[PDB]
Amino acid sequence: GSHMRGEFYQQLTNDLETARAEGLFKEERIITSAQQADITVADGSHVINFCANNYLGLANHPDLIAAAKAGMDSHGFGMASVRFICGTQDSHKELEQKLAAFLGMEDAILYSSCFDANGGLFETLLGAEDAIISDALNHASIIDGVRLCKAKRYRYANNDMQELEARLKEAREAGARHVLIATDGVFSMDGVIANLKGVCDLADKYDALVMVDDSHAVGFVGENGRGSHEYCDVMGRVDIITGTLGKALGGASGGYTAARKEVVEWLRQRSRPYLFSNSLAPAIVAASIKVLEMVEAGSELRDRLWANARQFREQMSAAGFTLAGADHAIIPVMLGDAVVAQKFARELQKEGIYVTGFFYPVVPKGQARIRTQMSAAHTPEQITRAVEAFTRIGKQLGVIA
């Protein structure tokens, strides 16, 4: 019979139509240009993109494209193999060495994404006798990595050092052997930088390891763009740092875990995504080696980005919008209702501003928002223009007075 399978398919169709009615259906907008500030969409119109992880504006940089091409010319198109078989080229090692040095760590191991780095981290290093204490606002990739781990789990309210301490005492009282605190370096839907000084101080007091996902920090957060550990001045106090090559560092693909030598080598020996998934492509490896140099010499880019973030926040703050977070390129405009968020975004596009509405499940129901993201590429003029558009539409939709 096909009664149950028929139901499976019918409920999917029903649930999709229901999502649409509730303003929860994500529609993909086709972009026909390369990733940059000024993009072109399907109908050929030009709009300013204010929602990319292209923080330093390098996603379409000539130098990275050139490096990628040179990489394919000398090292090929694909490895067609996981690292331990025949997927390790000299350039993979050069990149890992360069990454470890950049982050101030002993070694680094490559993955095809930070989602995988996180997924293949916890289960490999901790077990049933251990405990993991996570910030409740942690990224989905951290949560899923922790779900695959046998360690006892505990959670503390976002940036709440009082609860973190309570959970640490709880874990230790329960007899946990090794304890690890896991937190985003920057909470991506809120534009909030973690309180790593507070976290590390507690880690010392309770003998716990510290893991930080710096996907939305590496390359532009910190005076040398090293990440949240530099920004919070706890360099050397974070045991494990994971990151991505798909954000500020090029935006193509790839991720990694940087830590002490023992951790990294054990990950190479037992991390499932590393053992059972393709090695990073030569084009990405080559371009990533080049991007780290561009980042190290990107002080002017960071200055621009930082100036852009303060301009947009200051101006939107003056306009009366409710904005989450502080001191980061991610500036979420809080709207609550998903239908209003989608409408606001569509109206903004008519005004030449490209942003996306965020709603369940990427963010909680009732807490919909438009997460804007500044880039070093944006000009003061574009930002003023975006602000004037947000203000006009915000007033028309009853979002602001």
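The first residue of the shown sequence is 1; numbering continues from there.
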Given the B-factors recorded for C-alpha atoms, which segment has the greater mean, 236-244 or 305-313?
305-313
Please compare 8-16 with 374-382 and name the stretch with the higher mean C-alpha B-factor in the deposited structure.
8-16
Reading the B-factor column of the entry, which of 174, 72, 108, 324 has the highest value at its C-alpha atom?
174
In the PDB entry, which of 98, 83, 260, 155 has its C-alpha at the highest B-factor?
155
For residue 133, does the deposited CA B-factor place it in the lowest, middle or highest third of the chain?
middle
Determine, from the deposited record, the chain-internal third of the Cα B-factor for residue 345: lowest, middle or highest.
middle
Please rank the C-alpha B-factors of the chain's modelled residues and tell me whether residue 230 sits in the lowest, middle or highest third.
middle
Among the modelled residues of its chain, does the C-alpha B-factor of residue 274 lie in the lowest, middle or highest third?
lowest
Among the modelled residues of its chain, the C-alpha B-factor of residue 35 falls in the third labelled lowest
